[PDB]
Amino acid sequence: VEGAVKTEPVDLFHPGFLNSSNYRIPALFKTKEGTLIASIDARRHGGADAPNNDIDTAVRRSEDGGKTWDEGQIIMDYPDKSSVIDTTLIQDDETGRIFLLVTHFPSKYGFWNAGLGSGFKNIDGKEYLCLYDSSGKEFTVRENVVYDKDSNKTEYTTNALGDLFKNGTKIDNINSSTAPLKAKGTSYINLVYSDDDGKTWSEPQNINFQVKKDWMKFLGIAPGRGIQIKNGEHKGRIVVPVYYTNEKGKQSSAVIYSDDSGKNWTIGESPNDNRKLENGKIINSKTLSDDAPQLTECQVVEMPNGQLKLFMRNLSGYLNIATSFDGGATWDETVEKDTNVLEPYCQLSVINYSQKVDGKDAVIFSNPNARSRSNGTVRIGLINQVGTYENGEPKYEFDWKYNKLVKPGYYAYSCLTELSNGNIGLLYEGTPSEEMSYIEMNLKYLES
């Protein structure tokens, strides 16, 4: 229609960019200063997940609303097939700090074989990263100095990237397959930040000691974006979607969150904790033993009063939505299934939109609208109060009033952002692991 905008796709990441053969897993965010940040996995040996790859994190920036982009940078790179996989972006509006979090595995490890627990040990009230030698003897890293099990200082030291130095000379890296001292083979959550609008980024901080429980095997970022709560008692809280597996390997979603501008993090309960299934069974994420109730990658949005809605990948074939009245600490026992929205067991993106649409608060959603990773569709969902819960809290539902096919054929992971002009940017996997496409759309197009 006249006035509708849907730009022709640009290959924002593609084979050869930064000398990476493959790319996957988009994240897209507009900063407070109006800059667009796009992050992605630079998958260097094909498209596979860890451990069958060597994956680095890459970022591109646009300072002109997505019309032109910078030459890109690699911001995290571990050696010898240790990978960083699945990024998410969020900014703290109060301080201007941008966070990028990612899952990190040592060489040989990934989702399916991650070991139990955080990989940290408490010694006299502080958590310290553990390292193991070939015989399984345990050492700890205390302010980057390696101590043995008797708390004798050794000749070894580390840095934030896991390099291992003997008397100050680098000999290996605790994340490699060859090191004489190795971190535990499991997932770690890494956080980096930028205070200059994405131009420069910190060394990684390993926050597993704050968020990963002893009974979790995998705990990983759910890729895309986080939120900072705008309304209500938890205004300011930074919320980052994650998901984990228990000792039986079964997946449950949750969020991690920070109330002190990203300095410290907490994991909330899962919607699987005290969840009431359709057959009436009350489950929890620590004991979940069946595949059907699994809840995996997720993204979160906020309702007008601050209530949170967690949109989750799951095994039902349709969208699942959880509700939190306490800022992501816990969730209501009923996970809703929205049979208006197919969910083929793939990541989805959902964001709040800043302007009312047809007199209602709205969200924008993107996923493959099919029983497979295809038919990529962007939707506008209008928020209505439909009633209350028995506890008196408002009960909200979505009306998926506008649904637009944007990508015929292959469509997998994606990430949305609202742009400064009120339009919508979208970075999507329109190929399995090669070209990652960026488009800008206006509401006239999405409604047409």
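All residue numbers refer to positions in the sequence shown, first residue = 1.
A.B. asks: May I ask you to compare 212-220 and 129-137 by their mean CA B factor in the entry and name the higher one?
C.D. replies: Per the PDB record, 129-137.
A.B. asks: Can you tell me which stretch has the higher mean Cα B-factor, 46-54 or 408-416?
C.D. replies: Of 46-54 and 408-416, the stretch with the higher C-alpha B-factor average is 46-54.
A.B. asks: Highest Cα B-factor in the PDB entry belongs to which of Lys309, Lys250, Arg225, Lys230?
C.D. replies: Largest recorded C-alpha B-factor: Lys230.
A.B. asks: Of the choices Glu269, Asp163, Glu297, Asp291, which one's C-alpha carries the largest B-factor in the record?
C.D. replies: Of the candidates given, the C-alpha B-factor peaks at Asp291.
A.B. asks: State the tercile, meaning the lowest, middle or highest third, of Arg379 with respect to the CA B-factors recorded for its chain.
C.D. replies: Lowest third.
A.B. asks: Among the chain's modelled residues, which third holds the C-alpha B-factor of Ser437?
C.D. replies: Within its chain, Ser437 is a lowest-third residue by C-alpha B-factor, going by the deposited values.
A.B. asks: Which third, lowest, middle or highest, does the C-alpha temperature factor of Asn391 belong to within its own chain?
C.D. replies: Tercile = highest for this residue's CA B-factor.
A.B. asks: Determine, from the deposited record, the chain-internal third of the Cα B-factor for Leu18: lowest, middle or highest.
C.D. replies: CA B-factor rank for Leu18: highest third.
A.B. asks: Could you tell me which third, lowest, middle or highest, the C-alpha B-factor of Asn352 occupies within its chain?
C.D. replies: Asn352: CA B-factor falls in the lowest third of its chain.
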